[PDB]
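Here we start with a single chain on its own, the form deposited in one PDB entry, put down as structure tokens.
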């Protein structure tokens, strides 16, 4: 953690965008990061975080990203454009922290593409997402193009083509409309 890639079956299993997702008990989070140091060309980082429950380093993937980012990456004077591609939308605790962080470090911008909405009808969860939309962060649902990109960048794909599951696009529309509605 951060790993450079997922296995194929972990990707197809954990990023499938069904409404009833049994039992994806982990969250996975791919990221790209455009590091804009100030008198230098742009550089890029790329990775994958899984949530942790070992000994005493419990973190949802979001916290691990943030702990890794602060401890090892955040630097004087440089700007950052982060993108996440996340299996599940964030719990409201995680969304809480992230929104703090953004408001506090305004040199960082954050886009979050999410494959699935955890409990989209519940307001504690809708709250998290509204909070993040407020502190700057874009929140989108992953569509076909985003799945293809993560396949091509975060998986040991053996150079094979992405193989979309049936229903991928339908699931995207259903979840998009739910997002639009939640973010009034």
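Numbering follows the first chain given and starts at 1. C-alpha atoms forming the largest set that superposes within 1.5 Å between two forms make up the rigid core.
Coordinates for residue 57 are absent from at least a third of the other compared entries of this protein that model residues on both sides of it. Comparing 132-140 with 48-56, the higher mean C-alpha B-factor in the PDB entry belongs to 48-56. Higher mean CA B-factor, judged across 97-105 and 83-91 from the recorded values: 97-105. The PDB entry assigns the greatest CA B-factor among 70, 117, 30, 35 to 70.
Among all modelled residues in its chain, residue 124 ranks in the highest third by Cα B-factor. When the modelled residues of the chain are ordered by C-alpha B-factor, residue 152 sits in the lowest third.
For residue 179, the recorded CA temperature factor ranks within the middle third of the chain's modelled residues. For residue 26, the recorded CA B-factor ranks within the highest third of the chain. Only modelled residues enter the ranking.
Keep in mind that the form deposited in another entry is missing from the display, and what follows is about it.
For residue 52, the Cα coordinates differ by 2 angstroms or more between the shown form and the other one after the core has been superposed. Positional change of residue 39 between the shown form and the other one reaches 2 Å or more at the C-alpha, relative to the superposed core. Note: the CA-CA distance for residue 57 and residue 128 contracts in the other form relative to this form, by 3 angstroms or more. One change in the other form concerns residue 67 and residue 52, whose Cα atoms lie at least 3 Å farther apart than in this form.
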